[PDB]
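Please read the structure below before turning to the comments.
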Amino acid sequence: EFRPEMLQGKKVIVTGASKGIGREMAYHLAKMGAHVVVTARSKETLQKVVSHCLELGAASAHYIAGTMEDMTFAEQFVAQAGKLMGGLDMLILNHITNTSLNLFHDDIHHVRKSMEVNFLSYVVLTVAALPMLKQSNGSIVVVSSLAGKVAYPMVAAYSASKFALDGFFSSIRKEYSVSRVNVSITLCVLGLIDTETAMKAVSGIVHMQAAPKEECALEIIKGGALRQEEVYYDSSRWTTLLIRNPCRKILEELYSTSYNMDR
Amino acid sequence: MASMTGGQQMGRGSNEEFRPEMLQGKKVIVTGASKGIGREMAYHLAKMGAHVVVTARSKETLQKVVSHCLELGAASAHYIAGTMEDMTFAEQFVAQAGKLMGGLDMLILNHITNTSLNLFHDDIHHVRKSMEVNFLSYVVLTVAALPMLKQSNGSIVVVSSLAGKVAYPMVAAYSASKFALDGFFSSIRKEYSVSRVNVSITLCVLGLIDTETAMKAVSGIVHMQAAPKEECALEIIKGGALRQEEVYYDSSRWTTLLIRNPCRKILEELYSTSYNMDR
Ligand SMILES: NC(=O)c1ccc[n+]([C@@H]2O[C@H](COP(=O)([O-])OP(=O)(O)OC[C@H]3O[C@@H](n4cnc5c(N)ncnc54)[C@H](OP(=O)(O)O)[C@@H]3O)[C@@H](O)[C@H]2O)c1
Ligand SMILES: NC(=O)c1ccc[n+]([C@@H]2O[C@H](COP(=O)([O-])OP(=O)(O)OC[C@H]3O[C@@H](n4cnc5c(N)ncnc54)[C@H](OP(=O)(O)O)[C@@H]3O)[C@@H](O)[C@H]2O)c1
Ligand SMILES: Clc1ccc(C2(c3nnc4c(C5CC5)cccn34)CC2)cc1
Ligand SMILES: Clc1ccc(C2(c3nnc4c(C5CC5)cccn34)CC2)cc1
């Protein structure tokens, strides 16, 4: 059972924190009295989030503006965020490249950019953050979608990148377990959320109930704090009932006796 | 006689029971067909009397596969050597292959970058290369092949792994790329359905296979029973011919029982009604 005091004085990074779910997470963490370093490209919007974080009661609040298309920025950002806070307890990976609901035709540039920003930068951020997270027995929080677990039309490139996060981070979770790296990994599987971006994107195309961004942001933080492997958040009782894959976990365990990693 | 001949091999029960004659005279591309499962698929297709265009980097190894395909009874057999790290090669290969056969019925996406079983530390170059070769090139080959496949009401065959459905340690990069194939190709399958593009997509979920590469990779690290490459290759072709959405092939009779996700399919079918794609 979660308590807001679990985040009191914790050193947290939040990516894609200038708006939407990312901004809501920064605000929640501020209220809990955490140290926060927020990122996104817009320096001006990050300034207002930092200012409001300090008002809400953050132990400290900083921003570092830049693009996650730049893997050098991604790497340097973590070192700089760690130096400002004097360490790192939680890494919240939330940013995505701009997308829309459209049929896929021939836009390989959007497929590549989606893999680079939505996936490869998450791997770069993890590599850069792991020494500090190993020191604190910290947490990695990976923001995904229902579209990163089941198939949906009109989001092929996006779905690929979210599926890749599951493949990558679920594999290293098993590796951390055997190599006794006490860094938890939480994959957050979210349904439709009432962010400005999502509401504009689904308008007249998707007829679904949207869940509130404030509660969504809190459920992500809760999962991270509780070191839960996965978080499932959706407005529908039918979605939450069916989204889980109990057989996958059973399968992985039956195959867990087939390895020797003493090398 | 060919000008005086006509008809269809795909009638009653052809959606369920496979016959080697379903591939007779079919125009098939096989990527990563110089060795392993890919080579076995080329050999099976040759025996079925299909037209084949095989690819890999090694011109010398592709020459031997082509020669043996012609011996086995392929209607035609050609090779185009190159690297799938080059997206210009991937695009141009499909056009050149289509010209050699006078069209395309089946696109078999099987190649992968060289990988090993290792714990992930900091090799971002291997994560990028895995995404580029195992995933992005598959998308480039699909884009280049789709006009010909639409013309023939063809098939796309995507070779994946159990590691592209469940998590395994020591294959983080590899698994990331195989999971991405599922996300990408399962989404466009739903798109093809609404936009009435009659091109089937088969995702093949394979367990450990007795290929030289896999046997060397797992040596002293992974102790699992390996399935035969010859039978594996045939099951992939069968799934493609039958237009099955997924193929599950593993040594364990139990894996086949658990690997399927009925909940995913139901969730997708319930969310299908929530759209408006009249735009
Ligand atoms: N909202 C939903 O319905 C929904 C559903 C499922 C999953 N999710 C997941 O929830 C997360 C947040 O979504 P959201 O709706 O809150 O999105 P959002 O409001 O559009 O915010 C996206 C954030 O990413 C940043 N960003 C965009 N391009 C970037 C780049 N190249 N480099 C660095 N940062 C970049 C944006 O800031 P700048 O443009 O200033 O950089 C912004 O802060 C995502 O991971 C998404 O997959 C959302
Ligand atoms: N074997 C298993 O245990 C296993 C298990 C599950 C799934 N699978 C899947 O089965 C498929 C085939 O695996 P396999 O074990 O049969 O592989 P394999 O015998 O090692 O063959 C890989 C093929 O890809 C080619 N290739 C390598 N790098 C390439 C590049 N840069 N550009 C173009 N072609 C390239 C190789 O030829 P060149 O080196 O001459 O280029 C070769 O023909 C893969 O998709 C694999 O993930 C295999
Ligand atoms: Cl057709 C369809 C596609 C995707 C979705 C869902 C979804 N996942 N990410 C998003 C975004 C991201 C912020 C961009 C915007 C809108 C919906 N999203 C799972 C809820 C619902 C329906
Ligand atoms: Cl630990 C572990 C990781 C992966 C696997 C499986 C697997 N998938 N692709 C491969 C390869 C490809 C030629 C590289 C080599 C060896 C095993 N592979 C599912 C059987 C089993 C155990």
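Both backbone and side-chain heavy atoms feed into the values below; hydrogens, waters and symmetry mates do not. All ligand and atom numbering here is 1-based and tracks the order in the structure. In what follows, every chain begins at residue 1, and chains take the letters A, B, ... in the order their sequences are listed.
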Examine the proximity of ligand 1 to [X] and report which part, side chain or backbone, both or neither, has a heavy atom under 4.0 Å away.
{"X": "A/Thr195", "result": "side chain"}
{"X": "A/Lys162", "result": "side chain"}
{"X": "A/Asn94", "result": "both"}

*Contact between A/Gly191 and ligand 1, counting heavy atoms under 4.0 Å?*
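For ligand 1, residue contact (heavy atoms, under 4.0 Å) with A/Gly191 is present.
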Considering non-hydrogen atoms of the protein only, which is the closest contact for [atom], and what is the distance?
{"atom": "atom 9 (N) of ligand 3", "answer": "A/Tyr158 OH, 2.6 Å"}
{"atom": "atom 37 (O) of ligand 2", "answer": "B/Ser34 OG, 3.0 Å"}
{"atom": "atom 17 (C) of ligand 3", "answer": "A/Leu192 CD1, 3.7 Å"}
{"atom": "atom 34 (N) of ligand 2", "answer": "B/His111 CB, 3.8 Å"}
{"atom": "atom 26 (N) of ligand 2", "answer": "B/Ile112 O, 3.7 Å"}
{"atom": "atom 20 (O) of ligand 2", "answer": "B/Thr213 OG1, 2.7 Å"}
{"atom": "atom 5 (C) of ligand 3", "answer": "A/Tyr152 CE2, 4.2 Å"}
{"atom": "atom 15 (C) of ligand 3", "answer": "A/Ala198 CB, 3.6 Å"}

*Would you call B/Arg128-A/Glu116 a salt bridge at under 4.0 Å N-O?*
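Yes.
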_Taking B/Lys129 first and then B/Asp123, would you say they form a salt bridge - that is, a charged N and a carboxylate O separated by under 4.0 Å?_
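Looking at B/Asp123 together with B/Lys129, the answer is no, because their closest N to O distance does not fall below 4.0 Å.
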Taking [atom] as the point of reference, which of [options] owns the nearest heavy atom?
{"atom": "atom 8 (N) of ligand 2", "options": "B/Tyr174, B/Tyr249, B/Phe89", "value": "B/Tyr174"}
{"atom": "atom 41 (O) of ligand 2", "options": "B/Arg57, B/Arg39, B/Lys35", "value": "B/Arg57"}
{"atom": "atom 2 (C) of ligand 2", "options": "B/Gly38, B/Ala214, B/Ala42", "value": "B/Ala214"}

Give the atoms of ligand 1, by number and element, whose distance to some non-hydrogen atom of [X] is under 4.0 Å.
{"X": "A/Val143", "answer": "9 (C), 10 (O), 11 (C), 45 (O)"}
{"X": "A/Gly20", "answer": "16 (O), 19 (O)"}
{"X": "A/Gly16", "answer": "23 (C), 24 (O), 25 (C), 43 (O)"}
{"X": "A/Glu69", "answer": "31 (N)"}

_Any protein heavy-atom neighbour for atom 1 (Cl) of ligand 3 (distance below 4.0 angstrom)?_
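There is a protein heavy atom less than 4.0 Å from atom 1 (Cl) of ligand 3.
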*Heavy atom of protein inside 4.0 Å of atom 47 (O) of ligand 2, strictly below*: yes
_A/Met68, any N or O under 3.5 Å of ligand 1 N or O_ = yes
*Should A/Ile21 be counted as touching ligand 1, given the test is an N or O pair under 3.5 Å?*
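Min N/O separation from ligand 1 is below 3.5 Å for A/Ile21.
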*Per-atom contacts, ligand 2 versus B/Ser58 - under 4.0 Å to a heavy atom*: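 What qualifies from ligand 2 is 40 (O).
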*Hey, is B/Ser160 touching ligand 2 through its side chain, its backbone, both or neither, going by heavy atoms under 4.0 Å?*
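The answer is the backbone of B/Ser160.
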*Under a 4.0 Å heavy-atom limit, does B/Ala163 contact ligand 2 with its side chain, its backbone, both, or neither?*
neither
What about [X]: any of its N or O atoms under 3.5 Å from an N or O on ligand 2?
{"X": "B/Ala56", "result": "no"}
{"X": "B/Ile209", "result": "yes"}
{"X": "B/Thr55", "result": "no"}
{"X": "B/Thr83", "result": "yes"}
{"X": "B/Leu208", "result": "no"}

_Which heavy atom of B/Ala214 sits nearest to which heavy atom of B/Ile209, and what is that distance?_
CB-O, 3.4 Å
_Minimum-distance pair of heavy atoms, taken over all atoms of A/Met199 and A/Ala210_ =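 Looks like CE-CB, 3.7 Å.
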Around [X], counting heavy atoms of other residues, nucleotides and ligands shown, do more than 12 lie under 6.0 Å from its [atom1]?
{"X": "B/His125", "atom1": "NE2", "result": "no"}
{"X": "A/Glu44", "atom1": "CD", "result": "yes"}
{"X": "B/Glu91", "atom1": "CD", "result": "no"}

Is there a heavy atom in [X] that sits closer than 4.0 Å to ligand 3?
{"X": "A/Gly191", "result": "yes"}
{"X": "B/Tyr271", "result": "no"}
{"X": "A/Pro153", "result": "yes"}

Going by the order shown, which atoms of ligand 3 are within less than 4.0 Å of some heavy atom of [X]?
{"X": "B/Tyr275", "value": "1 (Cl)"}
{"X": "A/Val202", "value": "16 (C)"}
{"X": "A/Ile96", "value": "13 (C), 14 (C)"}

*Is the ring centre of A/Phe104 less than 6.0 Å from the ring centre of B/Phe184?*
yes
*Between A/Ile205 and ligand 3, find which residue part has any heavy-atom pair under 4.0 Å and reply side chain, backbone, both or neither.*
neither
*Is it the side chain (CB and beyond), the backbone, both or neither of A/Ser145 that lies under 4.0 Å from ligand 3, heavy atoms counted?*
side chain
*Measuring from B/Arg57:CZ to B/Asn114:CG, what's the distance to the nearest 0.5 Å?*
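Answer rounded to 0.5 Å: 5.5 Å.
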_Regarding A/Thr99 and A/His110, do their side chains bring together a donor and an acceptor under 3.5 Å, going by distance alone?_
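Looking only at side-chain atoms, A/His110 and A/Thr99 do form a donor-acceptor pair, the distance falling under 3.5 Å.
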*Among the heavy atoms of B/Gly82, does any lie under 4.0 Å from an atom of ligand 2?*
yes
_Using the side chain to side chain donor-acceptor pair (under 3.5 Å) definition, which of the options B/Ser161, B/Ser177, B/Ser160 pairs with B/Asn134?_
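Testing B/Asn134 for a side chain to side chain donor-acceptor pair (under 3.5 Å) against B/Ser161, B/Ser177, B/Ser160 leaves exactly one candidate, B/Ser177.
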_Working note: B/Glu246 + B/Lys265, criterion salt bridge (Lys or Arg N to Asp or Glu O under 4.0 Å); need CA distance, chi angles, decisive distance, verdict._
CA-CA 12 Å; B/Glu246 285 180 336; B/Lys265 307 295 152 184; 3.7 Å; yes
